[PDB]
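S.K.:
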Amino acid sequence: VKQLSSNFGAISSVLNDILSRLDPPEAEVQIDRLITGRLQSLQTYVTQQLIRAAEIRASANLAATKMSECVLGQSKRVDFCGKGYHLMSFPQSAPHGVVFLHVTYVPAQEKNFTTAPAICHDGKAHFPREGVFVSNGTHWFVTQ
Amino acid sequence: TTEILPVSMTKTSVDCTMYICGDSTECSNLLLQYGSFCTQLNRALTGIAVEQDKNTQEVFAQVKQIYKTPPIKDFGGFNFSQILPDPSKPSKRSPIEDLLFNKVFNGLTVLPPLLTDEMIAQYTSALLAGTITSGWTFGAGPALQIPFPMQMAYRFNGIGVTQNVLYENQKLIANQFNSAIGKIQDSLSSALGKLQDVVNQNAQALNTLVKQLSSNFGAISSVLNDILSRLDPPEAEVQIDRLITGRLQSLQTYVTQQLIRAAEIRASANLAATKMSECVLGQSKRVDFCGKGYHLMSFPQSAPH
Amino acid sequence: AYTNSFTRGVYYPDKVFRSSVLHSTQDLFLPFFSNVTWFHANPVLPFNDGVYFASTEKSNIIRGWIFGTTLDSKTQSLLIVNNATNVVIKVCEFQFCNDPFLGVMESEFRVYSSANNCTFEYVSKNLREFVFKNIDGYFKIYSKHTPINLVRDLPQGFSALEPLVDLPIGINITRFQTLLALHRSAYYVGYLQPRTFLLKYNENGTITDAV
Amino acid sequence: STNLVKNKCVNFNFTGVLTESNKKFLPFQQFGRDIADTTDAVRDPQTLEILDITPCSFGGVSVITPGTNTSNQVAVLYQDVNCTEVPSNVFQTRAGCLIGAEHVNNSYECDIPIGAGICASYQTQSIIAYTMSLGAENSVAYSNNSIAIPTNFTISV
Amino acid sequence: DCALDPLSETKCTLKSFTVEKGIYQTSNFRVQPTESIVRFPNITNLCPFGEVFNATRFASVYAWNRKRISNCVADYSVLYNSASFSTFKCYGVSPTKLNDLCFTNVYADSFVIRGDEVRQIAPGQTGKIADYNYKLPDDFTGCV
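Chains A, B, C, D and E, in that order, give the protein sequences. Okay, so the first sequence: first residue is 963 according to PDB author numbering, each after it adds one. The second sequence runs 723 to 826, 855 to 940, 944 to 1058 under PDB author numbering. The third sequence runs 27 to 67, 81 to 143, 153 to 172, 187 to 247, 264 to 289 under PDB author numbering. The fourth sequence runs 530 to 543, 549 to 621, 640 to 676, 690 to 722 under PDB author numbering. Okay, so the fifth sequence: first residue is 290 according to PDB author numbering, each after it adds one.
1. Check the DSSP bridge columns for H207(C) and list the partner residues they point to.
2. Using a Cβ-Cβ cut-off of 8 Å (strictly less than) and excluding sequence neighbours within five positions of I332(E), which residues of its own chain qualify?
3. Would you call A713(D) buried or exposed, if buried means 16 or more other Cβ atoms sit within 10 Å of its Cβ?
4. Listed in chain order, which residues of the region 302–332 of chain E have Cβ atoms closer than 8 Å to some Cβ of chain B?
5. Tell me where the alpha helix (DSSP H) around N960(B) begins and ends.
6. Just the Cα atoms here: how many angstroms apart are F543(D) and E554(D)?
7. To the nearest angstrom, how far is the alpha carbon of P209(C) from that of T572(D)?
8. So is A1080(A) in contact with chain B if we call contact Cβ pairs under 8 Å?
9. Is the distance from the Cβ of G381(E) to the Cβ of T415(E) below 8 Å?
10. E1017(A) and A1022(B) - do their beta-carbons sit closer together than 8 Å?
11. Do the region 237–246 of chain C and the region 89–109 of chain C meet, that is, are 3 or more Cβ pairs less than 8 Å apart?
12. Rounded to whole angstroms, how far is the Cβ of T376(E) from the Cβ of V433(E), which I believe are closer than 8 Å?
13. Is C760(B) closer than 8 Å to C743(B) when the C-beta atoms are compared?
14. Residues of the region 595–616 of chain D in Cβ contact with chain E at a cutoff of 7 Å, in chain order, please.
15. Can you confirm whether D294(E), when its beta carbon is compared against all beta carbons of chain D, has any partner nearer than 8 Å?
16. Hey, how far is the Cα of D428(E) from the Cα of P85(C)?
17. Compare the Cα-Cα distances from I231(C) to each of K129(C), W64(C), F92(C) and report the closest residue.
18. Note down, in chain order, all residues in the region 345–360 of chain E with a beta-carbon under 9 Å from any beta-carbon belonging to chain B.
19. Which residues of chain C have a Cβ atom closer than 8 Å to the Cβ of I587(D), listed in chain order?
20. Just how far apart, CA to CA, sit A1025(A) and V1060(A)?
21. Which residues, in order along the region 1015–1029 of chain A, keep a beta-carbon less than 8 Å from a beta-carbon of chain F?
22. Does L922(B) get closer than 8 Å to chain A when you measure Cβ to Cβ?
23. What is the DSSP secondary structure of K921(B), reduced to helix, strand or coil?
24. If you measure between the beta carbons of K733(B) and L861(B), is that distance less than 8 Å?
25. Can you pull the chain A neighbours of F718(D), defined as C-beta to C-beta under 9 Å?
26. Quick one: Cα of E298(E) to Cα of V597(D), how far?
27. What residues from chain B crowd round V362(E), counting only those whose CB sits closer than 8 Å?
28. Verify the CB distance criterion: does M1050(B) have a CB-CB separation below 8 Å to chain A?
29. In three-state DSSP terms, what is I128(C)?
30. When the Cα atoms are used, what is the spatial distance from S803(B) to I794(B)?
31. Which first and last residues belong to the beta strand (DSSP E) in which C617(D) is found?
32. CA-CA distance, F927(B) and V1040(B)?
33. Determine the chain D residues that contact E298(E) at a beta-carbon separation under 8 Å, and present them in chain order.
34. With distances taken Cα to Cα, identify the nearest neighbour of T95(C) among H66(C), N196(C), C131(C).
35. Does the distance from the C-beta atom of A871(B) to that of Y789(B) stay below 8 Å?
36. With C-beta atoms as the reference, is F347(E) less than 8 Å away from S383(E)?
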């Protein structure tokens, strides 16, 4: 809008100032200047709107994928639906967008123990089915 | 295998008046009639200059602490000396990183990246030290230290194969990994066209912008000291305005094409971020997302941009 | 006989200094690999769009060249003479003979018999390339004195003719001949063509290579 | 007019600082030029020597403020300009010259980005500058056969 | 007042009274390029204008003699202040500052015409003079 008050090398910025104190033959040469200017500015606006729309589009596409994969799923992907281990998500709207609440599980309060991949017994090697072999300092124990 | 991903390009700033007028009041006074084209141009160039840094921070800054490796290094068969930071090297970089950075005027200014090459190298050293010692635990909270053989048994379980297969084949998997990292050095030395292309594109665009300052566009000369030193102000306006329109057009074209290139560097940086999250901060079951085959682990190394 | 130039007659369009760049220009340049008329020591040759003149000789046989329209009186004629002393340039209506030359005692000078209406008057092995050109009455001569290891044969290599004299007289040159020293006690003729040349320069400003 | 004004951005009638050179020439060269017809040198018309015509000194000016709702103090960066030709605290940065901010030796998280590793903050009274912190530092207890296991936990959103 | 301090200039750039935290380009710094000096070798002479101007006689438009009057001080300031010539028609260049303007070579097409045939000679407009006697090309860069 603020471009509508520039001469661009014209003699006013009003078309009721160029037909106006000037005469129709010389009026073309001052109207065309205004026309070129205003066309340029309108084109620039439209190109920049295309360039901004291309980015709102990528944002919306990520929003779509994540609603597929975090509300409507549980995601094993690392750092796609929060930080930690993904449990669930909830969407909430926002004026021109969406916010999501990421519910994740975070482990805490570690304790260092000793291990080994394997246990020998009766001449055989045993490996844990779904855990790890830890020791309390004496007896060996399987944990998740 | 390797893969090259451009994350940033050069941040440039143009002084509209200094590119079109070149310190001449007559031109500067004629330029004011065009309104705020020069303001919209500076805005657009600042708007891409800032996002170039944002790309960098969203790719590399995925760690809270600066992890360091133990001084005594026994990884049960894996020797990672070619990808660890070397103290006697420039910028405390890794041997592989060394090879990567060896392979690849008038209102015109280039802004330095907020982040130096040293700090990117330290981000990588942190990520690397975290993955070789704690596995994927540091990417979900506490860095629980695990023996490297145990970590490799879990990634084997992750691809469906039993742990005994790694435990009875430790020394061979060891040698094959070492030999496969041995070929990377030579394969890269004999590769980073992705990176070379973005630099070449930005260079050619700057070069065309400067070369446009020697065209008349329908004027009598290309110098403002050849229309003010050779003609009275009345008739000079009808020749300066010609140079003005043409230089505005060329500047606008450059900025539009820079916005279009920035949109594509953004997409590349976003895929680098997602992949760092899925392939070094975790193990991807995604077919062909972190390599060809069954993904085991990834390791980031830095390249100029 | 005819011969084949390889990369010859590549003069500096003009002055300003240029460091190692590939400035592409477009001037009257003898096209790369042209057909140079091999002469031996002569008849009047046309001037047309400039004349390339490679001279391969040790003893001074080429004793200057005559230039002009009718190469005689009624119309002015640019005579460039070279003697045991120095160069005598003269644009006057002369009386050039059918064979304008000089003898070698040292009794010489038979070129002409008259010298009326004298507007311009100036007075003062080894391959000698020369480029003549009268654009807008400006006789820009270009020269390259590069010592060869042959006798009278065109060598293979590159040479950047450095601009020499420019005569602002304004004479119609449509023909030209060669003054030679006779005995009392081989040159090459090419024609320049509008040619686009990617001129590769050096940090010292020298055209080291061209395309 | 006068004689050679070596090393001065001057308007010459043979603008730019009249630095000198040591290049050669071929007996005729008039002035000097380079890529995109940029007058980068000249066969000096009088003493027949080479002088490099470097364009005049120039650069953007950036204003760092902690916000008018916190303070009205301001810091100024002259972009990629040597801090000796600007016209307290003057501090030289790979990104130009910074005036109005004192350089400290701590490292914090980045607040206002200057560049080349440098950020600025309204902390230490006045504007201060520093090399930003990548982060804190966690060490590890790796041996060859020792594991850590979490005992309690936390749900986060 | 947009020229007091950096903060006021920042306010003026943003067109606001509350600036939030960030970093804002505000203006440019340009070292003064003054002391205009002349290294041009002075010609220190005088171009004989009157000789090729108002002489004893002139030529016709069929045999106009172009006199090369150059390599001297071209004082056109004295021609302008004398104003003894009805027309000056400087097409291509400025005739007021033609004295200081330094060219490489200047001509002097000397001929006489009628008062109606003085308009005929023109860069573009053809006629009994500019198409049959003395033709003035459109690249005219001198002064009639």
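C-beta: ideal position from N, C-alpha, C; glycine also.
M.R.: Per the coordinate set shown:
1. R190(C)
2. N360, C361, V362
3. buried
4. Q314, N317, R319, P322
5. 946–964
6. 15 Å
7. 36 Å
8. yes
9. no
10. no
11. yes
12. 6 Å
13. no
14. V595, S596, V597, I598, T599, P600, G601, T602, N603, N606, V608, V610, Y612, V615
15. yes
16. 31 Å
17. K129(C)
18. none
19. Those do not exist, as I587(D) stays about 11 Å from chain C at its closest Cβ, beyond 8 Å.
20. 8 Å
21. The chain labelled as chain F is not found among the protein chains of the depicted structure, namely A, B, C, D and E.
22. no
23. helix
24. yes
25. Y1067, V1068, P1069, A1070, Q1071
26. 9 Å
27. Those within 8 Å of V362(E) in chain B number zero; the least Cβ separation is about 18 Å.
28. no
29. strand
30. 13 Å
31. That residue, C617(D), is in no beta strand (DSSP E); it is neither H nor E in DSSP.
32. 21 Å
33. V597
34. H66(C)
35. no
36. no
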